[PDB]
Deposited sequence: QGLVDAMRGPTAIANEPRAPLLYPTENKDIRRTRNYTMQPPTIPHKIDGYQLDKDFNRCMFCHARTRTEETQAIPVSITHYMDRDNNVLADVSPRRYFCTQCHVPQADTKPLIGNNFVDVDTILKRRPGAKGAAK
């Protein structure tokens, strides 16, 4: 047989019940955000993330202060300003299916 775990058992022609919206969990790849970020301002007037993560919570690494030429600047690079392009929170729910990835982290 063949099943698509991204859909679940329902035939294409039918309409599954939607799961609940899951709350966000509280508690080299960009680390995921281990806390809620609802309501945090991230725009050109104010970067809420920088409020706790400035090199001034674990601070951003110095790579985040680097321009396209790898010059280290005195404040976060514009290239890293929008943090949520790379760092994402996580719903408090299990994955739909297994994944056999390996991280280098654990094999050297």
Exercise. Deposited sequence versus model: which ranges have no CA atoms?
Worked result: 1, 29-37, 67-72, 125-135
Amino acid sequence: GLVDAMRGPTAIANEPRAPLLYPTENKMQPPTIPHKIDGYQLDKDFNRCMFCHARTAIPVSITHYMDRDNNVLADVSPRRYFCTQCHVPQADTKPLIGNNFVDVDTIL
From here on, numbers count along this sequence of modelled residues.
Exercise. What stretch has the higher average Cα B-factor here, 63-71 or 39-47?
Worked result: 39-47
For this session: May I ask you to compare 97-105 and 1-9 by their mean CA B factor in the entry and name the higher one?
Result: 97-105
Seminar exercise, completed: For 89, 16, 19, 23, the deposited C-alpha B-factor is largest at 23
Problem set entry | Chain-relative CA temperature factor third for residue 80 | lowest
